[PDB]
Amino acid sequence: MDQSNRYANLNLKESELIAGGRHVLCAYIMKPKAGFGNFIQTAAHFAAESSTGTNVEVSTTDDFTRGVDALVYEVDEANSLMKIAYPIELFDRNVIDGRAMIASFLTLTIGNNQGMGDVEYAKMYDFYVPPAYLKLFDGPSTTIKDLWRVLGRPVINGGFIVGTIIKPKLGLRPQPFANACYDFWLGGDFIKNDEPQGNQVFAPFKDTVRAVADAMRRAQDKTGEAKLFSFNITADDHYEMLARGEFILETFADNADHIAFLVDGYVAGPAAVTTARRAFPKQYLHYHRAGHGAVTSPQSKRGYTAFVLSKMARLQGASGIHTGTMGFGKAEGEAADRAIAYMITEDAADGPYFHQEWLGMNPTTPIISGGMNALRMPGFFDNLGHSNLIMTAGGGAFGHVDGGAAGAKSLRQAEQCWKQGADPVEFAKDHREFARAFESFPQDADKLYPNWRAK
Amino acid sequence: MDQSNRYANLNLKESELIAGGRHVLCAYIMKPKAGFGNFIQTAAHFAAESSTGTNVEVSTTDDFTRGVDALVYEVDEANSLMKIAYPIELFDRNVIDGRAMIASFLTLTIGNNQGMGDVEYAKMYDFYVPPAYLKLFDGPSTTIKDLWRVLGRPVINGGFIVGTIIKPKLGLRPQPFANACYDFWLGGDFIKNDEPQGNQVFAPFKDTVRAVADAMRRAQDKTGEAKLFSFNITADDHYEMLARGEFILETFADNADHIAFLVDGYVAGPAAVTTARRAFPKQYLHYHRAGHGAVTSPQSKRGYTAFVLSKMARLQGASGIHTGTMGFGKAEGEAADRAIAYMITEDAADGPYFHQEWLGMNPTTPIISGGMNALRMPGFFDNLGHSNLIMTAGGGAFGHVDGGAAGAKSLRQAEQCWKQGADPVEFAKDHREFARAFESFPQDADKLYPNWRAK
Amino acid sequence: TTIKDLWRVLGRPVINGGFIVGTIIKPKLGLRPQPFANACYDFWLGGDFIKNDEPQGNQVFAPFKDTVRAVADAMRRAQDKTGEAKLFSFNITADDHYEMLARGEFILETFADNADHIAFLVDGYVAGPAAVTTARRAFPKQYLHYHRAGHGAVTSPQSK
Ligand SMILES: O=C(O)[C@@](O)(COP(=O)(O)O)[C@H](O)[C@H](O)COP(=O)(O)O
Ligand SMILES: O=C(O)[C@@](O)(COP(=O)(O)O)[C@H](O)[C@H](O)COP(=O)(O)O
Ligand SMILES: [Mg+2]
Ligand SMILES: [Mg+2]
Ligand SMILES: [Mg+2]
């Protein structure tokens with residue numbers, strides 16, 4: 001069945017759809033499956049399955065229904081590009097507070113359309129959200145502004161936050177876990193649970209939280225510096241998340257505002273993120289995106305990009321989200337991913353297809369992680385252009401030859417080197433911990449700095 | 001860095017790992033990227049990023065940590081097969097009730113390993129859960145048994161539940177929506193919200209629920225038969241889900257046990273499914289998997305298959321989940337998908353790699369949906385072997401030439417035909433609504449039964 | 001929840017999993033927290049199941065939370081010694097609904113990975129159906145143990 005006449009209107013202008021402010025726009029890279037309809041026909045059926053229609057006409061359809069049809073307004077079969085306009089009336093709203101839910105945006109714009117039999121693949125690269133819909137999203141309630149304040153930094157451009165992940169990913173019992181925390185904090189600011197760390201039988205949650213709380217007090221008393229921790233509170237059960245969050249804050253007491261909450265937002269889902277966002281709005285919401293690679297990878301032609309995930313996360317209210325190393329680390333990623341960072345930090349930014357005004361909605365911090373160490377940092381910052389962010393280096397810190405504390409300081413000095421505009425090798429002469437990172441990871445040193453041994 | 005010696009032990013035997021009952025087993029189809037390590041090295045790194053390790057050695061590692069390492073115990077580079085054993089101690093547990101969470105299973109077994117730079121792609125096709133871990137999951141609290149009981153059917157092999165989806169997907173205002181419900185119920189049993197239907201501004205939640213409740217009462221009084229409805233209560237906010245569920249049960253009153261709760265479990269996440277499962281254990285939990293196609297499609301080489309999704313859903317506690325049309329409908333799917341149904345319905349069943357004993361855990365109903373109609377049903381049942389399930393046909397019912405009521409009966413008569421083992425064309429002669437379905441969808445009739453008009 | 005869920009915890013077949021060896025901690029009242037737990041440990045060396053005697057709860061000489069902790073210790077020690085799973089049925093009976101929740105929640109949190117080894121006992125006849133439903137609905141995943149103390153006032157054939 002051909003549904004082009006109803007669900008496609010290429011005479012529509014994007015500038016007018018945007019100016020109207022009554023449509024969510026979504027840009028897909030789509031290719032029809034072979035043996036079915038052409039591009040516009042497939043795009044039309046795509047729009048139908050994403051709004052008001054099914055695979056056949058139904059008698060129950062009326063004119064009011066047609067008014068809220070999602071419309072294909074622009075196609076480019078040569079570049080496999082497809083743009084669809086979704087009337088904002090389609091998207092579900094909370095009965096309790098009239099606010100928007102990302103779950104509805106997902107169900108419509110990238111739901112059933114991913115299982116279409118006449119489609120080979122389709123993947124969202126960008127979307128635009130107008131003011132009337134944008135202002136209905138929670139947005140972040142806590143930002144890096146609040147972490148900077150705890151560290152005693154300026155609340156505007158407070159600078160680089162030295163971070164790490166406790167490694168091993170799993171296996172440390174409560175006190176050995178806390179000992180690694182104390183060590184790193186002697187040189188660093190920020191520590192986060194590795195994503196699966198929680199209430200394993202060999203490391204009970206409450207015992208670990210107490211041990212870490214003790215370590216924070218000892219580290220802070222020792223260094224005279226404020227220290228931060230990001231606890232994983234991910235769970236299937238909403239009430240388990242509350243139980244964990246409430247215990248952590250009560251346990252840390254006067255250090256409660258030094259605490260961030262980590263949520264495995266991609267595998268646990270938006271529901272888990274919102275649980276954290278709404279139950280603990282005064283605590284930095286740390287969005288961990290474990291599993292995202294199943295769709296965000298360029299190897300995947302389905303789902304949505306990392307850029308889309310990151311943009312959605314800001315609406316959901318993540319205080320910060322992992323954006324990747326932009327090709328400088330161990331995970332898949334490219335230098336062009338810097339655009340993702342700008343989209344979640346700025347009040348106005350360009351996506352791959354749409355320009356987005358955020359209307360003063362708070363920013364989401366780019367959390368940089370994945371095989372980072374002191375050696376790889378200068379290059380990363382060159383590509384990004386700033387260091388006002390959190391970077392966590394698990395292996396990069398605890399893999400340091402002189403231990404976690406030295407590892408922390410190497411990360412600190414690595415960033416100091418970049419802002420100083422100094423030569424890292426020349427810089428190493430006057431900064432031991434940074435110099436010792438060359439010996440900690442000689443293969444990285446050999447490729448990045450070919451003749452470091454001579455100096 | 002080569003981590004094979006630690007994270008790979010091919011001398012381990014699967015039969016013994018299963019007999020041990022201390023390991024979750026996962027079977028992946030993985031291909032290393034070019035320019036990195038070989039297959040076993042990559043598989044070893046995979047296990048490391050999926051359990052205890054990172055991309056470099058850390059000083060904090062001890063012998064206890066090694067004891068809980070995930071181990072690559074079987075590989076087949078020719079078939080790109082990789083099997084990994086996860087010690088069950090790795091997986092997170094609720095502090096509040098000591099029970100398991102699927103979120104932890106996801107974070108470890110298909111989390112960060114999907115973003116690895118040295119891997120081209122990796123996708124889980126099967127997993128095994130031993131008794132000690134299995135019994136810690138919620139499992140379903142309500143089954144089709146409870147819907148059969150409400151319909152007045154036998155609680156054992158109570159038979160086919162005629163269902164539909166209210167179409168248009170969106171656009172119907174409260175009363176026209178309820179009118180369509182009334183019409184279908186004149187011939188059918190079961191109605192579900194189309195996945196995005198909730199609290200749209202043109203169709204307020206509370207207004208729609210009240211109108212549908214009225215339709216149920218009128219239809220039941222008219223036909224003298226019990227009728228069922230599955231309401232979408234999906235939301236980002238846990239408390240929005242509670243509010244929707246509570247209002248529905250209170251509104252329907254003495255028909256409250258006629259209500260199922262639908263959750264968009266893939267896009268809203270496991271957290272949303274558990275909210276419904278635990279808040280409303282006495283209400284049939286209807287798992288809608290919108291968006292799953294982004295990873296489950298055979299076109300995707302990442303994430304996990306529909307089989308894995310469905311098996312997980314049973315652990316999560318879905319009363320029923322969409323399993324697809326198995327190649328007989330509009331969506332991507334194959335005839336071999338019958339194995340998925342058996343895995344969630346039987347107490348013992350075979351996966352593509354692992355045999356699973358469920359230890360009396362309740363079954364999850366296979367919900368058949370996606371471009372189905374009366375004509376396509378006999379073929380589907382032939383492949384499955386039974387009709388003890390819910391089938392919903394949106395277009396197939398409301399696309400019927402004589403309307404939804406006639407549409408319902410065509411679905412009813414279609415299954416009666418298969419149950420009687422009669423010839424559909426011959427059967428149609430004595431059953432009009434079924435016969436009229438041929439004219440409703442002539443292309444399907446022409447392809448399935450080439451010479452139907454003469455008779 | 002049914003006996004099937006207890007059989008599963010014991011590692012028994014979920015169909016006709018067989019006889020569950022049980023006892024009641026005696027004296028009915030009088031044992032302090034650790035002596036209570038010691039008796040639990042002793043019985044578990046040969047048995048499967050232990051229940052609070054019906055009035056045992058939060059007596060001043062045997063505080064609830066202290067006893068629960070000591071019993072959890074006994075279960076872990078017994079299980080490590082015997083290599084067998086052990087069960088306990090805790091009395092959570094109370095006039096106050098929220099007292100019942102508090103007792104149940106504390107027990108499950110305390111036992112942690114052994115939480116599914118826990119049953120909840122309710123004096124359903126004297127406390128009433130309201131108390132039984134509190135447990136049934138608050139803790140549907142925990143075996144609900146109905147104790148009928150006082151029933152004889154009407155159930156006896158001597159009563160008409
Ligand atoms: O588990 C890990 O691998 C990490 O702790 C990195 O460890 P290392 O610093 O030791 O490499 C992070 O969770 C990943 O960076 C997540 O990736 P992303 O930020 O792309 O979501
Ligand atoms: O919105 C829809 O398309 C449906 O209501 C079917 O409508 P029709 O009956 O009109 O085809 C179902 O949600 C899909 O079947 C989901 O697919 P799956 O079960 O594969 O997850
Ligand atoms: Mg991590
Ligand atoms: Mg639907
Ligand atoms: Mg007694």
# chains A, B, ... in the order shown; residues from 1 in each chain; ligands from 1
$ residues_around --residues "range 362-373 of chain A" --least-positions-apart "2" --cutoff "7 Å" --atoms "only C-alpha atoms" --output "ChimeraX atom specification"
/A:139-140,143-144,314,318-325,329-331,341,344-346,360,375-377,389-393,395-397,411 /B:55
$ write_last_selection --atoms "N, CA and C atoms" --output "tab-separated table (two decimals), in the first residue's frame"
chain	number	residue	atom	x	y	z
A	139	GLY	N	15.30	18.86	32.28
A	139	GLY	CA	16.60	19.48	32.19
A	139	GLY	C	17.41	19.17	33.43
A	140	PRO	N	18.72	19.45	33.40
A	140	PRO	CA	19.54	19.19	34.59
A	140	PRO	C	19.21	20.17	35.71
A	143	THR	N	24.63	20.89	38.05
A	143	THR	CA	25.64	20.92	37.00
A	143	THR	C	27.04	20.90	37.60
A	144	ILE	N	28.05	21.00	36.75
A	144	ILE	CA	29.44	21.04	37.20
A	144	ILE	C	29.64	22.27	38.09
A	314	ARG	N	20.40	15.38	28.12
A	314	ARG	CA	20.30	16.72	28.67
A	314	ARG	C	18.84	17.05	29.01
A	318	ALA	N	20.34	14.75	33.03
A	318	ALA	CA	21.66	14.30	33.44
A	318	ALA	C	22.53	15.52	33.74
A	319	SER	N	23.17	15.53	34.91
A	319	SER	CA	24.12	16.58	35.26
A	319	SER	C	25.37	16.48	34.39
A	320	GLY	N	25.69	15.25	34.01
A	320	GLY	CA	26.80	14.97	33.11
A	320	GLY	C	26.57	13.64	32.44
A	321	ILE	N	27.13	13.47	31.24
A	321	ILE	CA	27.03	12.20	30.53
A	321	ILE	C	28.33	11.89	29.81
A	322	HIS	N	28.64	10.61	29.71
A	322	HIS	CA	29.81	10.17	28.96
A	322	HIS	C	29.63	10.47	27.49
A	323	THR	N	30.59	11.17	26.90
A	323	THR	CA	30.54	11.54	25.49
A	323	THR	C	31.65	10.86	24.70
A	324	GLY	N	32.51	10.12	25.39
A	324	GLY	CA	33.61	9.41	24.74
A	324	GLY	C	34.89	10.22	24.67
A	325	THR	N	35.95	9.60	24.17
A	325	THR	CA	37.27	10.23	24.09
A	325	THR	C	37.55	10.93	22.75
A	329	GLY	N	41.03	7.78	22.85
A	329	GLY	CA	41.05	6.71	23.82
A	329	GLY	C	40.93	5.31	23.23
A	330	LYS	N	40.33	4.40	24.00
A	330	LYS	CA	40.29	2.98	23.68
A	330	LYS	C	38.99	2.60	22.96
A	331	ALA	N	37.95	3.43	23.11
A	331	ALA	CA	36.63	3.11	22.57
A	331	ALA	C	36.46	3.73	21.19
A	341	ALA	N	29.78	17.58	22.61
A	341	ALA	CA	30.07	18.31	23.83
A	341	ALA	C	29.45	19.70	23.79
A	344	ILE	N	25.63	19.95	24.36
A	344	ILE	CA	25.12	19.72	25.70
A	344	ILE	C	25.64	20.75	26.71
A	345	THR	N	26.59	21.59	26.30
A	345	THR	CA	27.16	22.61	27.18
A	345	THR	C	26.69	24.02	26.84
A	346	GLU	N	26.44	24.28	25.56
A	346	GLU	CA	26.09	25.63	25.11
A	346	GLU	C	24.59	25.86	25.14
A	360	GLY	N	18.16	28.56	27.85
A	360	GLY	CA	18.67	28.68	29.20
A	360	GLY	C	18.60	27.40	30.02
A	375	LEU	N	49.31	10.84	29.11
A	375	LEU	CA	49.94	11.00	27.80
A	375	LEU	C	48.95	11.41	26.71
A	376	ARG	N	47.73	10.87	26.78
A	376	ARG	CA	46.74	11.07	25.73
A	376	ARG	C	45.91	12.34	25.91
A	377	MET	N	46.12	13.04	27.03
A	377	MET	CA	45.24	14.15	27.40
A	377	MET	C	45.46	15.43	26.60
A	389	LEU	N	35.63	20.26	32.43
A	389	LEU	CA	34.93	19.00	32.38
A	389	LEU	C	35.48	18.01	33.40
A	390	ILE	N	34.83	16.85	33.50
A	390	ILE	CA	35.33	15.75	34.30
A	390	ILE	C	35.95	14.69	33.39
A	391	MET	N	37.17	14.28	33.71
A	391	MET	CA	37.81	13.16	33.03
A	391	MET	C	38.17	12.09	34.04
A	392	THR	N	37.72	10.87	33.78
A	392	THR	CA	38.01	9.73	34.64
A	392	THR	C	38.92	8.74	33.91
A	393	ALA	N	40.05	8.44	34.54
A	393	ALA	CA	41.02	7.49	34.01
A	393	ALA	C	41.27	6.37	35.01
A	395	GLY	N	42.46	2.85	34.39
A	395	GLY	CA	43.77	2.29	34.11
A	395	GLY	C	44.85	3.35	34.08
A	396	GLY	N	44.51	4.54	33.59
A	396	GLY	CA	45.47	5.62	33.46
A	396	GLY	C	46.00	6.12	34.79
A	397	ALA	N	45.24	5.90	35.86
A	397	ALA	CA	45.62	6.35	37.20
A	397	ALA	C	46.21	5.20	38.01
A	411	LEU	N	47.64	13.06	35.80
A	411	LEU	CA	46.48	13.60	35.11
A	411	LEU	C	46.37	15.10	35.36
B	55	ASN	N	41.88	-2.02	30.08
B	55	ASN	CA	42.79	-2.23	28.96
B	55	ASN	C	44.27	-2.24	29.36
$ residues_around --residues "residue 352 in chain A" --least-positions-apart "2" --cutoff "12 Å" --atoms "only C-alpha atoms" --output "ChimeraX atom specification"
/A:26-29,81,124-128,305-308,336-340,343,349-350,354-356
$ residues_around --residues "range 230-242 of chain B" --least-positions-apart "4" --cutoff "9 Å" --atoms "only C-alpha atoms" --output "ChimeraX atom specification"
/A:92-97,100-104,238,269-275,278,316 /B:190-198,209,246-248,258-265,268,271-273,275-276,279-280,284-286
$ select_by_dssp --residues "range 197-384 of chain A" --states "strand (DSSP E or B)" --output "ChimeraX atom specification"
/A:228-232,259-264,284-288,303-304,320-322,331,348-350,355-357,365-369
$ closest_atom_pairs --of "chain A" --to "ligand 4" --cutoff "9 Å" --atoms "only C-alpha atoms and all ligand atoms" --output "CSV"
residue,atom,partner,partner_atom_place_in_ligand_line,distance
A:49,CA,ligand 4,1 (Mg),8.7
A:54,CA,ligand 4,1 (Mg),8.5
A:112,CA,ligand 4,1 (Mg),7.7
$ write_last_selection --atoms "N, CA and C atoms" --output "compact mmCIF listing (two decimals), in the first residue's frame"
# COMPACT_ATOMS: atom_id res chain seq x y z
N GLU A 49 4.02 4.53 10.64
CA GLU A 49 4.30 3.66 11.78
C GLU A 49 4.86 4.43 12.96
N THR A 54 -0.96 2.47 10.37
CA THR A 54 -0.44 1.11 10.36
C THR A 54 -0.19 0.72 8.90
N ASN A 112 8.62 1.29 16.79
CA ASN A 112 8.24 0.23 15.88
C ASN A 112 8.90 0.34 14.51
$ interface_residues --of "chain C" --to "chain B" --cutoff "9 Å" --atoms "only C-alpha atoms" --output "list in words"
residues 4, 5, 8, 9, 11, 13, 14, 15, 105, 106, 107, 108, 109, 110, 111, 112, 113, 114, 115, 116, 140 and 141 of chain C
$ closest_residue --among "A:130, A:175, A:151, A:121" --to "residue 204 in chain A" --atoms "only C-alpha atoms"
A:175
$ residues_around --residues "residue 45 in chain C" --least-positions-apart "5" --cutoff "9 Å" --atoms "only C-alpha atoms" --output "number ranges by chain"
C: 40, 78-79, 81-82, 84
$ atom_distance --atom1 "CA of residue 52 in chain B" --atom2 "CA of residue 400 in chain A"
18.0 Å
$ closest_atom_pairs --of "chain C" --to "ligand 5" --cutoff "10 Å" --atoms "only C-alpha atoms and all ligand atoms" --output "tab-separated table"
residue	atom	partner	partner_atom_place_in_ligand_line	distance
C:23	CA	ligand 5	1 (Mg)	9.4
C:24	CA	ligand 5	1 (Mg)	6.4
C:25	CA	ligand 5	1 (Mg)	8.4
C:26	CA	ligand 5	1 (Mg)	8.5
C:27	CA	ligand 5	1 (Mg)	9.6
C:28	CA	ligand 5	1 (Mg)	6.8
C:51	CA	ligand 5	1 (Mg)	8.3
C:52	CA	ligand 5	1 (Mg)	7.4
C:53	CA	ligand 5	1 (Mg)	4.1
C:54	CA	ligand 5	1 (Mg)	4.8
C:55	CA	ligand 5	1 (Mg)	7.7
C:56	CA	ligand 5	1 (Mg)	9.1
C:147	CA	ligand 5	1 (Mg)	8.3
C:148	CA	ligand 5	1 (Mg)	9.7
C:149	CA	ligand 5	1 (Mg)	8.1
$ write_last_selection --atoms "N, CA and C atoms" --output "compact mmCIF listing (two decimals), in the first residue's frame"
# COMPACT_ATOMS: atom_id res chain seq x y z
N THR C 23 11.27 -27.09 63.11
CA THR C 23 11.10 -27.02 64.55
C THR C 23 10.67 -25.62 64.97
N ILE C 24 10.31 -25.50 66.24
CA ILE C 24 10.04 -24.21 66.86
C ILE C 24 11.08 -24.00 67.94
N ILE C 25 11.65 -22.81 68.00
CA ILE C 25 12.62 -22.51 69.05
C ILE C 25 11.91 -22.52 70.39
N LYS C 26 12.32 -23.45 71.25
CA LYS C 26 11.83 -23.52 72.62
C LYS C 26 13.00 -23.19 73.54
N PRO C 27 12.74 -22.54 74.69
CA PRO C 27 11.48 -22.07 75.27
C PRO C 27 10.69 -21.12 74.38
N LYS C 28 9.37 -21.09 74.57
CA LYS C 28 8.49 -20.20 73.83
C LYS C 28 8.96 -18.75 73.98
N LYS C 51 10.95 -21.82 62.94
CA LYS C 51 9.99 -20.74 63.09
C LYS C 51 10.08 -20.17 64.47
N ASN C 52 9.90 -18.86 64.58
CA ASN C 52 9.62 -18.25 65.87
C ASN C 52 8.46 -18.97 66.52
N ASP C 53 8.56 -19.25 67.81
CA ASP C 53 7.37 -19.61 68.54
C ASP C 53 6.46 -18.39 68.45
N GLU C 54 5.15 -18.61 68.40
CA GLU C 54 4.22 -17.57 67.96
C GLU C 54 4.32 -16.21 68.69
N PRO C 55 4.68 -16.18 69.99
CA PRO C 55 4.70 -14.87 70.64
C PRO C 55 6.04 -14.15 70.57
N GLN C 56 7.07 -14.82 70.07
CA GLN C 56 8.41 -14.24 69.99
C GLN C 56 8.46 -13.05 69.04
N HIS C 147 -0.13 -18.52 61.33
CA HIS C 147 -0.27 -19.16 62.64
C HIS C 147 -1.64 -18.86 63.22
N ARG C 148 -2.33 -19.90 63.70
CA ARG C 148 -3.74 -19.79 64.05
C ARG C 148 -3.99 -19.81 65.56
N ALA C 149 -3.01 -19.36 66.35
CA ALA C 149 -3.16 -19.31 67.80
C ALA C 149 -4.49 -18.67 68.20
$ closest_residue --among "B:417, B:410, B:378, B:111" --to "ligand 3" --atoms "only C-alpha atoms and all ligand atoms"
B:111
$ closest_residue --among "B:205, B:394, B:168, B:53" --to "ligand 3" --atoms "only C-alpha atoms and all ligand atoms"
B:53
